[PDB]
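**Q** work-v9.tsv (TSV, C-alpha atoms) pasted underneath:
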```
chain	number	residue	atom	x	y	z
R	1	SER	CA	68.24	106.14	72.77
R	2	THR	CA	71.82	106.31	71.53
R	3	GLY	CA	74.55	108.89	70.99
R	4	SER	CA	77.63	109.07	68.76
R	5	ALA	CA	80.36	111.72	68.89
R	6	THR	CA	83.74	112.13	67.25
R	7	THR	CA	86.80	112.43	69.50
R	8	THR	CA	89.87	114.27	68.19
R	9	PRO	CA	93.52	114.29	69.36
R	10	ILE	CA	94.54	117.63	70.87
R	11	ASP	CA	98.03	117.57	69.30
R	12	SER	CA	100.31	115.60	66.98
R	13	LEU	CA	101.28	113.15	69.76
R	14	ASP	CA	97.76	112.09	70.82
R	15	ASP	CA	98.46	113.49	74.30
R	16	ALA	CA	94.69	113.53	74.92
R	17	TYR	CA	91.41	113.53	73.00
R	18	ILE	CA	88.58	116.09	73.05
R	19	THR	CA	84.90	115.45	72.32
R	20	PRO	CA	82.31	118.23	71.79
R	21	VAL	CA	79.58	118.40	74.45
R	22	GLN	CA	76.47	120.60	74.42
R	23	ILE	CA	75.63	122.16	77.82
R	24	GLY	CA	72.63	124.34	78.61
R	25	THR	CA	69.85	126.15	76.73
R	26	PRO	CA	70.68	127.54	74.21
R	27	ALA	CA	73.52	125.06	73.80
R	28	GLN	CA	77.03	126.04	74.84
R	29	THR	CA	79.49	123.66	73.16
R	30	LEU	CA	82.65	122.82	75.11
R	31	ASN	CA	85.38	120.35	74.12
R	32	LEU	CA	85.77	117.90	76.99
R	33	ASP	CA	88.31	115.18	77.81
R	34	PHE	CA	86.27	111.97	78.27
R	35	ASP	CA	87.96	110.19	81.18
R	36	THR	CA	87.09	106.58	82.10
R	37	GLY	CA	89.43	107.02	85.11
R	38	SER	CA	87.38	109.68	86.95
R	39	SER	CA	83.75	110.46	87.68
R	40	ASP	CA	83.31	114.27	87.63
R	41	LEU	CA	81.96	116.35	84.73
R	42	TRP	CA	83.65	119.72	85.28
R	43	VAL	CA	84.10	122.75	83.04
R	44	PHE	CA	85.96	126.00	82.76
R	45	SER	CA	83.32	128.62	83.45
R	46	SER	CA	82.43	132.25	84.01
R	47	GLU	CA	83.32	131.55	87.67
R	48	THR	CA	86.90	130.41	86.98
R	49	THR	CA	89.58	132.74	88.36
R	50	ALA	CA	90.34	134.95	85.36
R	51	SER	CA	94.13	134.57	85.56
R	52	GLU	CA	93.66	130.78	85.32
R	53	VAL	CA	91.80	130.92	81.99
R	54	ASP	CA	94.03	131.08	78.86
R	55	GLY	CA	92.10	130.32	75.68
R	56	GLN	CA	89.53	127.77	76.88
R	57	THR	CA	85.84	128.01	76.06
R	58	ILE	CA	83.83	128.69	79.22
R	59	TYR	CA	80.37	127.65	80.37
R	60	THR	CA	78.31	130.61	81.60
R	61	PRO	CA	75.37	129.25	83.65
R	62	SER	CA	73.66	132.67	83.81
R	63	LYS	CA	73.08	132.43	80.04
R	64	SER	CA	71.39	129.01	80.29
R	65	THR	CA	67.66	129.02	80.95
R	66	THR	CA	67.86	125.40	82.21
R	67	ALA	CA	70.80	125.89	84.62
R	68	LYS	CA	70.04	125.70	88.33
R	69	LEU	CA	72.50	126.12	91.19
R	70	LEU	CA	72.80	122.91	93.22
R	71	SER	CA	72.59	124.71	96.54
R	72	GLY	CA	75.46	124.06	98.92
R	73	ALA	CA	77.30	121.62	96.66
R	74	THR	CA	81.06	121.88	96.14
R	75	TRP	CA	83.64	119.69	94.46
R	76	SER	CA	87.41	119.25	94.56
R	77	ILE	CA	89.51	116.73	92.65
R	78	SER	CA	93.18	115.78	92.33
R	79	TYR	CA	94.38	113.59	89.47
R	80	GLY	CA	97.21	111.08	89.27
R	81	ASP	CA	99.41	113.56	87.40
R	82	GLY	CA	99.25	116.08	90.26
R	83	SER	CA	96.75	118.41	88.59
R	84	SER	CA	93.59	119.58	90.35
R	85	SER	CA	90.47	121.72	90.17
R	86	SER	CA	87.55	122.73	92.39
R	87	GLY	CA	84.37	124.79	92.47
R	88	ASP	CA	80.56	124.71	92.79
R	89	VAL	CA	77.81	122.82	90.96
R	90	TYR	CA	74.87	123.47	88.66
R	91	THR	CA	72.42	121.05	87.14
R	92	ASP	CA	71.73	121.54	83.44
R	93	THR	CA	70.92	119.75	80.20
R	94	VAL	CA	73.93	117.96	78.69
R	95	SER	CA	73.98	116.29	75.26
R	96	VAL	CA	76.71	114.13	73.67
R	97	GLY	CA	76.37	113.13	70.05
R	98	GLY	CA	72.58	113.43	70.08
R	99	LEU	CA	72.05	111.76	73.49
R	100	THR	CA	70.52	114.15	76.04
R	101	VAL	CA	70.51	113.98	79.85
R	102	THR	CA	68.45	116.48	81.82
R	103	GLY	CA	69.48	117.37	85.35
R	104	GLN	CA	73.14	116.46	84.88
R	105	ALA	CA	75.51	117.78	87.52
R	106	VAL	CA	77.84	120.24	85.76
R	107	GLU	CA	80.71	121.10	88.09
R	108	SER	CA	81.80	124.70	87.55
R	109	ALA	CA	85.49	125.39	88.19
R	110	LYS	CA	86.40	128.27	90.45
R	111	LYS	CA	90.07	127.18	90.51
R	112	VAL	CA	92.21	125.02	88.21
R	113	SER	CA	95.86	124.03	88.47
R	114	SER	CA	98.51	125.31	86.09
R	115	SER	CA	98.48	122.31	83.75
R	116	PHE	CA	94.80	122.90	82.97
R	117	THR	CA	95.35	126.63	82.38
R	118	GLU	CA	98.28	125.85	80.09
R	119	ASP	CA	96.23	123.49	77.87
R	120	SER	CA	93.98	125.80	75.85
R	121	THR	CA	92.40	122.88	73.94
R	122	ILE	CA	90.69	121.17	76.90
R	123	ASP	CA	87.60	122.95	78.28
R	124	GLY	CA	86.96	120.40	81.05
R	125	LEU	CA	86.57	116.70	81.78
R	126	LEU	CA	83.65	114.28	81.44
R	127	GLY	CA	84.14	111.40	83.86
R	128	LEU	CA	83.09	107.88	82.87
R	129	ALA	CA	84.33	105.77	85.79
R	130	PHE	CA	81.86	104.64	88.47
R	131	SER	CA	79.83	107.27	90.28
R	132	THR	CA	81.21	106.14	93.66
R	133	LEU	CA	84.33	108.23	92.80
R	134	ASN	CA	82.38	111.47	92.20
R	135	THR	CA	83.72	114.25	94.44
R	136	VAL	CA	80.59	116.42	94.90
R	137	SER	CA	79.84	117.11	98.57
R	138	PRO	CA	77.63	116.77	100.58
R	139	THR	CA	75.49	114.91	97.98
R	140	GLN	CA	77.50	112.77	95.58
R	141	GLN	CA	76.40	113.09	91.95
R	142	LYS	CA	76.05	110.63	89.07
R	143	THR	CA	78.09	110.51	85.86
R	144	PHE	CA	76.60	111.31	82.46
R	145	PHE	CA	76.63	107.59	81.61
R	146	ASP	CA	74.94	106.63	84.87
R	147	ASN	CA	72.18	109.18	84.28
R	148	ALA	CA	71.68	108.09	80.65
R	149	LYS	CA	71.92	104.32	81.20
R	150	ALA	CA	68.24	103.52	81.74
R	151	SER	CA	67.25	105.30	78.51
R	152	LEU	CA	69.98	103.71	76.38
R	153	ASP	CA	69.12	100.91	73.96
R	154	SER	CA	71.84	98.85	75.67
R	155	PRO	CA	73.65	99.93	78.89
R	156	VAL	CA	77.07	100.36	77.23
R	157	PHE	CA	79.46	102.89	75.82
R	158	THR	CA	82.40	102.27	73.48
R	159	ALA	CA	85.76	103.96	72.97
R	160	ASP	CA	87.38	103.83	69.53
R	161	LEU	CA	90.41	106.13	69.80
R	162	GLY	CA	92.45	106.86	66.70
R	163	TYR	CA	96.21	106.85	66.21
R	164	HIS	CA	97.08	110.35	64.99
R	165	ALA	CA	93.48	110.57	63.74
R	166	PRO	CA	89.94	111.13	65.03
R	167	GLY	CA	87.87	108.35	66.58
R	168	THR	CA	84.46	107.82	68.16
R	169	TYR	CA	82.64	107.48	71.47
R	170	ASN	CA	79.29	105.72	71.13
R	171	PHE	CA	76.60	105.42	73.80
R	172	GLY	CA	73.94	102.72	73.88
R	173	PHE	CA	75.01	100.50	70.97
R	174	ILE	CA	77.93	98.49	69.59
R	175	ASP	CA	78.91	99.45	66.02
R	176	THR	CA	79.69	96.04	64.51
R	177	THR	CA	81.38	97.75	61.51
R	178	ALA	CA	84.03	99.36	63.74
R	179	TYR	CA	86.14	96.30	64.64
R	180	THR	CA	87.49	93.08	63.14
R	181	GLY	CA	86.96	89.60	64.49
R	182	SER	CA	85.04	89.19	67.73
R	183	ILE	CA	84.91	91.14	70.99
R	184	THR	CA	86.47	89.31	73.95
R	185	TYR	CA	84.83	90.20	77.25
R	186	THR	CA	86.62	90.09	80.60
R	187	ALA	CA	85.59	90.58	84.21
R	188	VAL	CA	85.64	93.97	85.97
R	189	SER	CA	86.07	94.83	89.64
R	190	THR	CA	84.35	98.07	90.69
R	191	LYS	CA	85.83	97.92	94.21
R	192	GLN	CA	88.10	100.94	93.58
R	193	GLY	CA	85.58	102.76	91.38
R	194	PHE	CA	87.53	102.07	88.16
R	195	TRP	CA	87.05	99.87	85.10
R	196	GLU	CA	89.56	97.47	86.65
R	197	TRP	CA	90.39	94.17	84.92
R	198	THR	CA	93.17	91.55	84.68
R	199	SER	CA	95.20	91.12	81.51
R	200	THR	CA	96.43	87.58	80.84
R	201	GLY	CA	99.97	88.57	79.81
R	202	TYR	CA	102.19	90.19	77.23
R	203	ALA	CA	104.66	89.84	74.38
R	204	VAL	CA	107.41	92.15	73.10
R	205	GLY	CA	107.68	92.38	69.32
R	206	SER	CA	107.80	88.92	67.74
R	207	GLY	CA	108.73	87.34	71.07
R	208	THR	CA	106.86	84.58	72.83
R	209	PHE	CA	103.81	85.43	74.91
R	210	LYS	CA	104.34	85.48	78.67
R	211	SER	CA	101.27	84.29	80.57
R	212	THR	CA	101.00	86.38	83.73
R	213	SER	CA	98.14	88.23	85.42
R	214	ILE	CA	98.32	92.04	85.23
R	215	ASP	CA	95.61	93.90	87.14
R	216	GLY	CA	94.99	97.38	85.80
R	217	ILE	CA	92.46	100.00	84.76
R	218	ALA	CA	91.09	101.00	81.36
R	219	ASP	CA	91.69	104.77	81.50
R	220	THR	CA	90.97	106.99	78.49
R	221	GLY	CA	92.15	109.99	80.54
R	222	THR	CA	95.77	108.77	80.82
R	223	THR	CA	98.04	109.15	77.79
R	224	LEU	CA	100.52	106.31	78.28
R	225	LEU	CA	100.61	102.61	79.19
R	226	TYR	CA	101.87	102.08	82.78
R	227	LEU	CA	102.87	98.50	83.67
R	228	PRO	CA	105.04	96.65	86.23
R	229	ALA	CA	108.74	97.44	86.15
R	230	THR	CA	109.61	93.86	85.12
R	231	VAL	CA	107.39	94.14	82.01
R	232	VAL	CA	108.61	97.60	81.07
R	233	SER	CA	112.28	96.60	81.43
R	234	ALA	CA	111.66	93.60	79.16
R	235	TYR	CA	110.17	95.92	76.51
R	236	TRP	CA	112.90	98.60	76.52
R	237	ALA	CA	115.70	96.00	76.58
R	238	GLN	CA	114.75	95.33	72.94
R	239	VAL	CA	115.50	98.95	71.90
R	240	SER	CA	119.18	99.78	71.46
R	241	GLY	CA	120.15	102.74	73.60
R	242	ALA	CA	116.92	102.91	75.61
R	243	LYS	CA	117.32	103.77	79.28
R	244	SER	CA	115.37	104.95	82.29
R	245	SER	CA	116.20	108.58	83.03
R	246	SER	CA	115.42	109.91	86.50
R	247	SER	CA	116.01	113.46	85.26
R	248	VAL	CA	113.49	113.13	82.44
R	249	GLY	CA	111.10	110.99	84.49
R	250	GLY	CA	110.95	107.68	82.64
R	251	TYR	CA	112.26	105.60	79.78
R	252	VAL	CA	113.76	107.47	76.82
R	253	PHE	CA	115.16	106.06	73.60
R	254	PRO	CA	117.09	107.28	70.55
R	255	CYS	CA	114.72	109.03	68.17
R	256	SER	CA	116.48	107.12	65.36
R	257	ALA	CA	115.11	103.80	66.66
R	258	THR	CA	112.39	101.63	65.18
R	259	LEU	CA	110.26	100.46	68.11
R	260	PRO	CA	108.93	96.91	68.50
R	261	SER	CA	105.26	96.23	69.00
R	262	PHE	CA	103.76	95.32	72.37
R	263	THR	CA	101.02	92.73	72.76
R	264	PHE	CA	98.67	92.43	75.76
R	265	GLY	CA	96.30	89.57	76.54
R	266	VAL	CA	92.54	89.77	77.01
R	267	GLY	CA	91.51	86.28	78.03
R	268	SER	CA	92.69	84.05	75.20
R	269	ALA	CA	92.72	87.01	72.76
R	270	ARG	CA	95.60	89.37	71.96
R	271	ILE	CA	95.70	93.11	71.23
R	272	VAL	CA	98.80	94.31	69.34
R	273	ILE	CA	100.09	97.85	69.91
R	274	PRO	CA	102.24	98.84	66.89
R	275	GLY	CA	105.68	100.18	67.74
R	276	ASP	CA	104.90	103.61	66.29
R	277	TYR	CA	102.16	104.09	68.92
R	278	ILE	CA	104.87	103.96	71.62
R	279	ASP	CA	106.85	106.96	70.26
R	280	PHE	CA	106.05	110.22	72.08
R	281	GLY	CA	108.68	112.26	70.33
R	282	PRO	CA	111.61	114.41	71.46
R	283	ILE	CA	111.86	115.10	75.18
R	284	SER	CA	112.41	118.77	74.29
R	285	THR	CA	112.24	120.59	70.99
R	286	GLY	CA	115.11	119.49	68.75
R	287	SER	CA	116.36	116.70	71.01
R	288	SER	CA	117.37	113.32	69.61
R	289	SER	CA	116.18	111.63	72.82
R	290	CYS	CA	112.55	110.52	72.51
R	291	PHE	CA	110.05	109.74	75.27
R	292	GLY	CA	108.64	106.23	75.56
R	293	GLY	CA	104.94	105.40	75.57
R	294	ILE	CA	105.31	102.42	77.93
R	295	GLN	CA	106.41	103.41	81.43
R	296	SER	CA	106.68	101.82	84.85
R	297	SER	CA	103.72	101.93	87.22
R	298	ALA	CA	105.97	101.25	90.23
R	299	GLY	CA	105.36	104.73	91.67
R	300	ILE	CA	101.61	104.85	90.96
R	301	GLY	CA	100.18	101.93	92.94
R	302	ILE	CA	98.12	100.72	89.98
R	303	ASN	CA	98.73	99.62	86.41
R	304	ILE	CA	97.06	101.85	83.81
R	305	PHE	CA	95.94	100.82	80.32
R	306	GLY	CA	95.88	104.37	78.98
R	307	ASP	CA	95.42	105.70	75.46
R	308	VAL	CA	98.56	103.97	74.08
R	309	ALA	CA	96.89	100.63	74.75
R	310	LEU	CA	93.22	101.54	74.27
R	311	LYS	CA	93.70	103.15	70.85
R	312	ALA	CA	94.93	99.79	69.49
R	313	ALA	CA	91.47	98.31	70.23
R	314	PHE	CA	87.74	98.81	70.02
R	315	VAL	CA	86.76	98.90	73.70
R	316	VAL	CA	83.31	98.18	75.17
R	317	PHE	CA	82.49	99.57	78.62
R	318	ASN	CA	79.54	97.34	79.57
R	319	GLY	CA	77.51	98.90	82.39
R	320	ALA	CA	75.12	96.01	82.89
R	321	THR	CA	74.24	95.00	86.45
R	322	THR	CA	77.55	93.11	86.53
R	323	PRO	CA	79.90	95.36	84.51
R	324	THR	CA	82.43	93.87	82.09
R	325	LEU	CA	84.95	95.16	79.55
R	326	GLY	CA	85.23	94.02	75.93
R	327	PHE	CA	88.21	94.35	73.58
R	328	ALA	CA	88.39	93.76	69.83
R	329	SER	CA	91.08	94.37	67.27
R	330	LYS	CA	90.30	96.91	64.55
```
Before anything else, please render the file you have as structure tokens.
**A**
Amino acid sequence: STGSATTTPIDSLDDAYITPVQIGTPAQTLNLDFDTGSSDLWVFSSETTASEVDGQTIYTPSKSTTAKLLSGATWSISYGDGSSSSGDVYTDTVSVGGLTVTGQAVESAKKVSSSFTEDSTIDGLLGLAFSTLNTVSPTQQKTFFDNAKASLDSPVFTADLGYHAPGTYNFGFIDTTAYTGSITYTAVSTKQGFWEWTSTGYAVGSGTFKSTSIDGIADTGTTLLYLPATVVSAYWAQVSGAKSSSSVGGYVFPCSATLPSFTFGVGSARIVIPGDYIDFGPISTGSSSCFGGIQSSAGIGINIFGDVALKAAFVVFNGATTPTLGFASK
């Protein structure tokens, strides 16, 4: 089997992407944030505290003839941005782009933190990291990809995120029309439950490539590119007036600037992020100070190749017995 679904930016900045997902019988369609940095499929629901729902579409398990309570199971998750959610668990039929999994754990939110309530466009998350990170207790549950893998034509999914435009998540096949050149594959460590790999270095604009190993994670659920402070300082030094602002919480730059590109290495290959992808707009409405799309990871504990980096590439998440990642230009 295969599946193919379009993913759409939630706003004009590409702050996140939503993908329609069918849950239950008859289908209830919710728009989920596909997150290769976590491993829980959770949804706003009829059980969510009413004051914490503000415009989202909810899953109502009582209206699904295939929903079954997973007796005794609870879940609770906290994300790197400080947000969180928790609740109970059903199993139900879940389909993405024509690919159907029966018996998928659908984690029903009883509580969500304010940032989730305040984002009316995201109805939940669909985790695509390794199932060892799944938070369901006392019986850990598998991700949608893990459950579908054996039925897939090939044990892969691909992320093709657009810049200010829709893109595609495919399951079970590699669309050879969706990228240019060849796909360069690189080793993955699953030891922390992430799609963790080592970039071979970087360049700023037309500058020379610096060969240096950068361990990080391919994370569709993080907006920006988070890299070591040395690398980030080298980038922003090329932008007149750019500075790190503790009050704003990162590097800002004059909105009048033209940003240089940023290149990252994948083995001997190179992915180029155009400068425009690094502009996240005014820090507040009407400000002439703009927020940068490359930020320091020094306070995170891990480097994160988020959407800013991933949307410059066609990315293969290869879930073979030894997982690997592939990157192509497009």
**Q** Could you give me the centre and size, in Å to one decimal, of an axis-aligned box around all listed atoms of range 135-146 of chain R with 3 Å added on every side, as JSON?
**A**
```
{"center_x": 79.3, "center_y": 111.9, "center_z": 91.1, "size_x": 14.8, "size_y": 16.5, "size_z": 25.0}
```
**Q** Quick one: residues within 7 Å of residue 217 in chain R, all atoms listed in the file, excluding same-chain residues fewer than 3 positions away - as a count of residues only?
**A** 7
**Q** To one decimal place in Å, what is the distance between CA of residue 227 in chain R and CA of residue 181 in chain R?
**A** 26.5 Å
**Q** Quote the spacing between CA of residue 130 in chain R and CA of residue 190 in chain R in Å to one decimal place.
**A**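 Straight-line distance from CA of residue 130 in chain R to CA of residue 190 in chain R works out to 7.4 Å.
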**Q** Residues near range 255-267 of chain R, anyone? I mean within 10 Å using all atoms listed in the file, not counting same-chain ones fewer than 6 positions away, as a CSV table (one decimal) with C-alpha atoms, in the coordinates of the input.
**A**
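Listing of part.csv after writing:
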```csv
chain,number,residue,atom,x,y,z
R,183,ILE,CA,84.9,91.1,71.0
R,184,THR,CA,86.5,89.3,74.0
R,185,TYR,CA,84.8,90.2,77.2
R,186,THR,CA,86.6,90.1,80.6
R,187,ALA,CA,85.6,90.6,84.2
R,197,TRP,CA,90.4,94.2,84.9
R,198,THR,CA,93.2,91.6,84.7
R,199,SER,CA,95.2,91.1,81.5
R,200,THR,CA,96.4,87.6,80.8
R,201,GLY,CA,100.0,88.6,79.8
R,202,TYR,CA,102.2,90.2,77.2
R,203,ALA,CA,104.7,89.8,74.4
R,204,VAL,CA,107.4,92.2,73.1
R,205,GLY,CA,107.7,92.4,69.3
R,206,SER,CA,107.8,88.9,67.7
R,207,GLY,CA,108.7,87.3,71.1
R,209,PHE,CA,103.8,85.4,74.9
R,210,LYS,CA,104.3,85.5,78.7
R,211,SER,CA,101.3,84.3,80.6
R,212,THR,CA,101.0,86.4,83.7
R,213,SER,CA,98.1,88.2,85.4
R,214,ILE,CA,98.3,92.0,85.2
R,235,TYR,CA,110.2,95.9,76.5
R,236,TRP,CA,112.9,98.6,76.5
R,238,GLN,CA,114.8,95.3,72.9
R,239,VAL,CA,115.5,99.0,71.9
R,240,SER,CA,119.2,99.8,71.5
R,241,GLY,CA,120.2,102.7,73.6
R,242,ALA,CA,116.9,102.9,75.6
R,273,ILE,CA,100.1,97.8,69.9
R,274,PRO,CA,102.2,98.8,66.9
R,275,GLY,CA,105.7,100.2,67.7
R,276,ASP,CA,104.9,103.6,66.3
R,277,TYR,CA,102.2,104.1,68.9
R,278,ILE,CA,104.9,104.0,71.6
R,279,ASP,CA,106.8,107.0,70.3
R,280,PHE,CA,106.0,110.2,72.1
R,281,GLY,CA,108.7,112.3,70.3
R,282,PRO,CA,111.6,114.4,71.5
R,283,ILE,CA,111.9,115.1,75.2
R,287,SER,CA,116.4,116.7,71.0
R,288,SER,CA,117.4,113.3,69.6
R,289,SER,CA,116.2,111.6,72.8
R,290,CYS,CA,112.6,110.5,72.5
R,291,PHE,CA,110.0,109.7,75.3
R,292,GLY,CA,108.6,106.2,75.6
R,294,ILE,CA,105.3,102.4,77.9
R,305,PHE,CA,95.9,100.8,80.3
R,309,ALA,CA,96.9,100.6,74.8
R,312,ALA,CA,94.9,99.8,69.5
R,325,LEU,CA,85.0,95.2,79.6
R,326,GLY,CA,85.2,94.0,75.9
R,327,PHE,CA,88.2,94.4,73.6
R,328,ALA,CA,88.4,93.8,69.8
```
**Q** As a PDB file with C-alpha atoms, in the coordinates of the input, please: the residues near range 4-16 of chain R (cut-off 7 Å, all atoms listed in the file, same-chain neighbours under 6 positions excluded).
**A**
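As written to disk, out27.pdb reads:
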```
ATOM      1  CA  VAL R  96      76.710 114.130  73.670  1.00  0.00           C
ATOM      2  CA  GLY R  97      76.370 113.130  70.050  1.00  0.00           C
ATOM      3  CA  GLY R  98      72.580 113.430  70.080  1.00  0.00           C
ATOM      4  CA  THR R 121      92.400 122.880  73.940  1.00  0.00           C
ATOM      5  CA  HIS R 164      97.080 110.350  64.990  1.00  0.00           C
ATOM      6  CA  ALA R 165      93.480 110.570  63.740  1.00  0.00           C
ATOM      7  CA  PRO R 166      89.940 111.130  65.030  1.00  0.00           C
ATOM      8  CA  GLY R 167      87.870 108.350  66.580  1.00  0.00           C
ATOM      9  CA  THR R 168      84.460 107.820  68.160  1.00  0.00           C
ATOM     10  CA  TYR R 169      82.640 107.480  71.470  1.00  0.00           C
ATOM     11  CA  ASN R 170      79.290 105.720  71.130  1.00  0.00           C
ATOM     12  CA  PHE R 171      76.600 105.420  73.800  1.00  0.00           C
ATOM     13  CA  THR R 223      98.040 109.150  77.790  1.00  0.00           C
ATOM     14  CA  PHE R 280     106.050 110.220  72.080  1.00  0.00           C
TER      15      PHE R 280
END
```
**Q** Using all atoms listed in the file, which of the listed residues (R:53, R:23, R:300, R:156) sits closest to residue 104 in chain R?
**A**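 Checking each of R:53, R:23, R:300, R:156 against residue 104 in chain R, counting all atoms listed in the file, the winner is R:23.
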**Q** Could you tell me how far CA of residue 59 in chain R lies from CA of residue 106 in chain R, in Å and to one decimal?
**A**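 Computing it gives 9.5 Å between the two atoms.
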**Q** With all atoms listed in the file counted, which protein, DNA or RNA residues have an atom no more than 7 Å from (83.3, 96.6, 81.1) in the file frame? Please answer as a PyMOL selection string.
**A** chain R and resi 188+195+316-319+323-326
**Q** When you look at residue 58 in chain R with a cut-off of 8 Å (counting only C-alpha atoms), what residues show up, excluding the ones that are within fewer than 3 positions of it in the same chain? I need them as an NGL selection string.
**A** :R and (30 or 43-46 or 123)
**Q** Got a sec: who's within 12 Å of residue 299 in chain R, counting only C-alpha atoms, leaving out chain neighbours fewer than 6 positions off, as a PyMOL selection string?
**A** chain R and resi 80-81+226-229+249-250
**Q** Please save C-alpha atoms of the selected residues as an mmCIF file, in the frame of the given file.
**A**
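Just written: part.cif:
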```cif
data_model
loop_
_atom_site.group_PDB
_atom_site.id
_atom_site.type_symbol
_atom_site.label_atom_id
_atom_site.label_comp_id
_atom_site.auth_asym_id
_atom_site.auth_seq_id
_atom_site.Cartn_x
_atom_site.Cartn_y
_atom_site.Cartn_z
ATOM 1 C CA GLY R 80 97.210 111.080 89.270
ATOM 2 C CA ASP R 81 99.410 113.560 87.400
ATOM 3 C CA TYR R 226 101.870 102.080 82.780
ATOM 4 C CA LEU R 227 102.870 98.500 83.670
ATOM 5 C CA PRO R 228 105.040 96.650 86.230
ATOM 6 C CA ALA R 229 108.740 97.440 86.150
ATOM 7 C CA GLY R 249 111.100 110.990 84.490
ATOM 8 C CA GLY R 250 110.950 107.680 82.640
#
```
**Q** Using all atoms listed in the file, can you list as a list in words the residues within 10 Å of (68.5, 101.0, 71.3)?
**A**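 Those residues, ordered by chain and then number, are residues 1, 2, 3, 151, 152, 153, 154, 155, 171, 172, 173 and 174 of chain R.
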**Q** Using all atoms listed in the file, which of the listed residues (R:70, R:89, R:105, R:320) sits closest to residue 150 in chain R?
**A**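 Nearest to residue 150 in chain R: R:320.
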**Q** Just checking: using only C-alpha atoms, which residue out of R:109, R:221, R:51, R:36 ends up closest to residue 143 in chain R?
**A**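 Smallest separation from residue 143 in chain R among the options: R:36.
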**Q** Find, counting only C-alpha atoms, the residue in R:125, R:32, R:161, R:21 that gets nearest to residue 99 in chain R.
**A**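 Comparing R:125, R:32, R:161, R:21 against residue 99 in chain R, the winner is R:21.
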**Q** Looking at all atoms listed in the file, which of R:31, R:91, R:134, R:268 is the one that sits closest to residue 78 in chain R?
**A** R:134
**Q** Nearest residue to residue 215 in chain R out of R:27, R:302, R:310, R:128, using all atoms listed in the file?
**A**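 Smallest distance to residue 215 in chain R is found for R:302.
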